[PDB]
J.: 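Okay, handing you the structure first.
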Amino acid sequence: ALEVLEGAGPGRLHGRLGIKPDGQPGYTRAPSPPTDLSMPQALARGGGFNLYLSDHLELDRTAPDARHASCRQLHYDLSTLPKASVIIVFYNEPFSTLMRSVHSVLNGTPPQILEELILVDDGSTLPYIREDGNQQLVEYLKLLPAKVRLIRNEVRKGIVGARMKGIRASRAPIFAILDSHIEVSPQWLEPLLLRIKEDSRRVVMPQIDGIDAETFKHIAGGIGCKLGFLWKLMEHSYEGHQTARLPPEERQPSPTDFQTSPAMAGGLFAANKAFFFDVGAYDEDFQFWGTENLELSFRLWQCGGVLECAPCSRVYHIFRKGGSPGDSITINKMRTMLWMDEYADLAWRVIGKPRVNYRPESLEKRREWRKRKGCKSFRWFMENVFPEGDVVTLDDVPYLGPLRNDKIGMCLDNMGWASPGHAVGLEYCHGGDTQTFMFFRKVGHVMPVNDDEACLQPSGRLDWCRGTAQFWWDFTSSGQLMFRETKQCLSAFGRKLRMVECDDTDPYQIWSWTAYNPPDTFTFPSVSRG
Amino acid sequence: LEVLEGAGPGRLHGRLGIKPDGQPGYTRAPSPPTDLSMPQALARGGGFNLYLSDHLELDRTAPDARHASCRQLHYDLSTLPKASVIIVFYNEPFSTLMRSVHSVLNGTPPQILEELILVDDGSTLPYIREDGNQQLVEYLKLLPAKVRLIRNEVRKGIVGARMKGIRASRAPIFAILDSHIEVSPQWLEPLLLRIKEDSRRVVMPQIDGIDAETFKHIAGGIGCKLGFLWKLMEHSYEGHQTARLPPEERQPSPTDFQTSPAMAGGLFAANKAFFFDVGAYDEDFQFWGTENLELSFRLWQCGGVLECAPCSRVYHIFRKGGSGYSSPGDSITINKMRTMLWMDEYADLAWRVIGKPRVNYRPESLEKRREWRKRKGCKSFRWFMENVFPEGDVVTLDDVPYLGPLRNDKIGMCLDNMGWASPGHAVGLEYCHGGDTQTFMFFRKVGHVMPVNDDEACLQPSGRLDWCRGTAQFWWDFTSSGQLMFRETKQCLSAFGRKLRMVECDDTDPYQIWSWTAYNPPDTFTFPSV
Ligand SMILES: O=c1ccn([C@@H]2O[C@H](COP(=O)(O)OP(=O)(O)O)[C@@H](O)[C@H]2O)c(=O)[nH]1
Ligand SMILES: O=c1ccn([C@@H]2O[C@H](COP(=O)(O)OP(=O)(O)O)[C@@H](O)[C@H]2O)c(=O)[nH]1
Ligand SMILES: [Mn+2]
Ligand SMILES: [Mn+2]
Ligand SMILES: [Mn+2]
Ligand SMILES: [Mn+2]
């Protein structure tokens, strides 16, 4: 309700925030948490973080500068940089974390480059937010710059629907999407604006540091810039063996270099608004949460965009511990498979061949849009954007199906635990997903189809896949599973899994494995009719 | 001996249990003694009259409990998939077990019966033991080769016993039956046809009765749809719950397959592959109890459908005044805790109803089960209540607005179930102490006032608990002034004179003002520590 900045200075570029006319803070900080606080409870009561502590900490909390020293040697001309609209969507975000995020942005963003701060209430039900509530939020916003504007979805629409509401309400040539439980490092916005100014086709995302949900300590982010994806359709940081496949000039980049990434971690990024809509914005038939980051990543790269990571733009993020819709996660994965072309056959089988209502009629309009825009193929994506992946073409998956030993008339069985850490069994073949395995030849990995993170080991037991010799298997021309490092072979003798000297005359070590020969085109599965 | 001599209607597998010399392989007992004390014989027979069971024939003819229209259906046994029938037993007497086997063989066409797997779950009876008198093994030699016996060296329980049989089955479909049953004609054909069309269906026959005392065949009086109680036990749809169904489903034809939120016991058929893909059983369940609800919840949430076939009927001996075996006391509680994993926030209500137990529910294994639920992409329990069981009295926890003491401030006392909590006894007024005996809950959808430990017991204006019914005889309103008003008579409950009597409603009389703690459970149920 007031656009003035009284008290502006370093660490508080928008002036003293949230001060009442009488010079008192517009909210009552909480006392120190009780000494007998039961943490697993508070987390379950606080929606994934310790709210007793969050309420006690100041909204103007000072954070360590997580940037590399060389990031501070950079110069920005705030007069020539374009303005940006910061968007924070939230559903029932507690007052302390939400307002600390707002305070962090205003305190650490020069007013010259910040057009506005848009808060999107995605149908919250907490009394402190509701239109028919106690009005705490609305009352407190009057104590912040007029830049801050609140808009609401009368019904919770989800991440996509909520972000679209905010993006549409923005003015700046650039918008920046942030979480509702964050704290920024210094000069977080300047690098993003300069990068997008030079080329509006770039979608740039800050690097994400951590705030401990239990202690709220500031933690350095350990994630590199480059993110791949798993065939379960979730982003996955480049592993050691994947980083080694990069061009030698990109394996150890400077801490100030902007680095491309095939995929986006979450939803913290900046983009030119015009280009964002021309490249398809979001798929608004996505439901609530899940996979929209990968769908955007695939579409962006294929349809003329660039996804980059800015190590000099850092934002802290509270990762939940204590925790806190129907069919939404599976639907979003099916819709994302549109952009995977023939590779969708592999992803479809990995997530269990679901038969859901993915809104086919709407997905077909999205297919028409993809055609008109002239987007490139997923094969192009794998070969040019993510060529470091273990599966660049489907020929990299030569086998997919049961691993059957004819001698004992049984098949390998993950025993209902596709998670790493458990023993693999021998059971009578029934053709279900629990008994199908696939082979990634680039790494010699034997994995259950429902989890490309679990790998068979000579111990006869599953463990987390690593691109090393500890998980490298060869499937001989005679049907043997040979562990390359020890040059031994896996046997089913006595309905037990043991490693034995290789000998193709021993029928107990001869396995059959269905060849994987998927079609040139993935035909989506038919859909049927509170 | 896969040959069958004497095959005809009533004995589709031939004359069973005939010795080489043409005599039956077992001697029927004489008529029960005339001076038989029935309450004793039931206790000494494991829940049924064994004197009579031993006297009855193994080929006992049963009445056709099917609706007349069920016989007008035709099945093509050549196009139906085969099934493996599994019967697990722990110390089941010879007469009831073999009558079950005879009933299945006599009444199942050999073209659709792959095999009959008998699972000895560590029985100790001499007639079963490997080191016993060999009665069972010797008598099995007089039955078709389809019938094969397998054993658990140590008693594993219902889940462990069934999984052994399921894993050992060969047919694409398995059907589990109890060891004390008799089937109606064409019991298996409807299940095979239904699962053939859609392998995601788990179909269960309707269960008729065999009187434990007289062995009379009795028509089951329970409809097809089964809900559940917050004590975590299946419960047949009630009258007022059926009325909430769509009008086209309140009285369906006797040939229609009907969905059911919950499974009665363990009598069902399923595609073996799909059964394993949907998590099979939770093999950390102990001994007896609740696996049917865990399977029911998991089945619906993870892409399955539970249906009941009224044209598929099986008689079942329900025990009376006795049990065929004992189990630890905490084993049932453990199974209930593990079932609460699939109930999400609703587990808070279930936890309180069964008395906030603190048991060793094997958390490390249950947390792996949680990861499986995430990878599989199973839907939430709220989805289940709103989509699978929307006819329940508690669809959201908002349907339970009050849970806690019912206290009258005037006399400084609370309602007290007086150590009963079972229906049929008077409710008392006692000094408040905060224990389970003094906490009550309110189901607003039917106006029920119940002790927290029994959602089947309802307060009545008589000052006494009785079996809950969805009628005006149990409807209470909790006014804005704190009154318990019986809607039918428009009177209010008073504590005047430390007695519970109905009086004219008047918010100025302090003897009729009650306080009732509001129920506001968390968004997430945190399991108790072990
Ligand atoms: O239905 C929803 C779910 C989430 N969000 C908001 O979207 C942002 C991203 O969600 P989340 O915080 O879960 O992301 P993550 O914690 O995985 O970084 C947060 O501000 C949420 O409050 C929302 O507006 N609607
Ligand atoms: O530890 C056990 C308990 C039960 N059962 C068998 O499992 C079936 C189901 O048990 P029961 O009939 O007692 O269940 P109820 O119908 O009484 O709920 C019966 O054939 C039991 O003999 C078993 O094999 N092991
Ligand atoms: Mn977040
Ligand atoms: Mn990895
Ligand atoms: Mn039984
Ligand atoms: Mn009832």
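Here is how names work: the chains are called A, B, and so on, in the same order as the sequence lines, proteins then strands, and each is numbered from 1. All values below were derived from every heavy atom in this structure, side-chain atoms included, with hydrogens, water molecules and symmetry-related copies excluded.
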J.: Report which part of A:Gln41 has an atom under 4.5 Å of a heavy atom belonging to chain B: side chain, backbone, both, or neither.
T.: side chain
J.: Pick from B:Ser380, B:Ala273, B:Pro172, B:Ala168: which one has the most heavy-atom pairs with chain A under 4.5 Å?
T.: B:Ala273
J.: Flag the one option from A:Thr434, A:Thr330, A:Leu43 with the top tally of heavy-atom pairs under 4.5 Å to chain B.
T.: A:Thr434
J.: Ignoring hydrogens and geometry beyond distance, is a side-chain donor-acceptor pair present between B:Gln301 and B:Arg373 at under 3.5 Å?
T.: yes
J.: Please state whether the side chain, the backbone, both or neither of A:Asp451 comes within less than 4.5 Å of a heavy atom of chain B.
T.: side chain
J.: Is NZ or CZ of A:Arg156 both nearer than 6.0 Å to the six-membered ring centre of A:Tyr91 and within 45° of the ring axis?
T.: yes
J.: So which of A:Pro40, A:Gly352, A:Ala418 has the largest heavy-atom pair count under 4.5 angstrom toward chain B?
T.: A:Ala418
J.: Using non-hydrogen atoms and a limit below 4.5 Å, what part of residues 389-399 of chain B faces chain A?
T.: none
J.: Give the member of B:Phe275, B:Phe274, B:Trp383, B:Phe276 that has the highest number of heavy-atom pairs under 4.5 Å with chain A.
T.: B:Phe276
J.: Centroid separation under 6.0 Å, is that true for the rings of B:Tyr346 and B:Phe525?
T.: no
J.: Does the side chain of A:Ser419 come under 3.5 Å of the side chain of B:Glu371 through a donor N or O and an acceptor N or O?
T.: no
J.: With sequence neighbours excluded, what pairs up with A:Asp327 under the side chain to side chain donor-acceptor pair (under 3.5 Å) test?
T.: B:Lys379
J.: Just checking, any donor-acceptor pair under 3.5 angstrom between side chains of B:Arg162 and B:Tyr281?
T.: yes
J.: Without hydrogens or angle criteria, can the side chains of B:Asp523 and A:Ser324 be said to hold a donor-acceptor pair below 3.5 Å?
T.: no
J.: Answer with side chain, backbone, both or neither: which region of B:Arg200 has an atom nearer than 4.5 Å to a non-hydrogen atom of chain A?
T.: side chain
J.: Whether A:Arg461 and A:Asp463 form a salt bridge (side-chain N of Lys/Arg under 4.0 Å from carboxylate O of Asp/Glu) is what I want to check.
T.: no
J.: Mark yes or no for whether B:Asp277, through its side chain, and A:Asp433, through its backbone, hold a donor-acceptor pair below 3.5 Å.
T.: yes
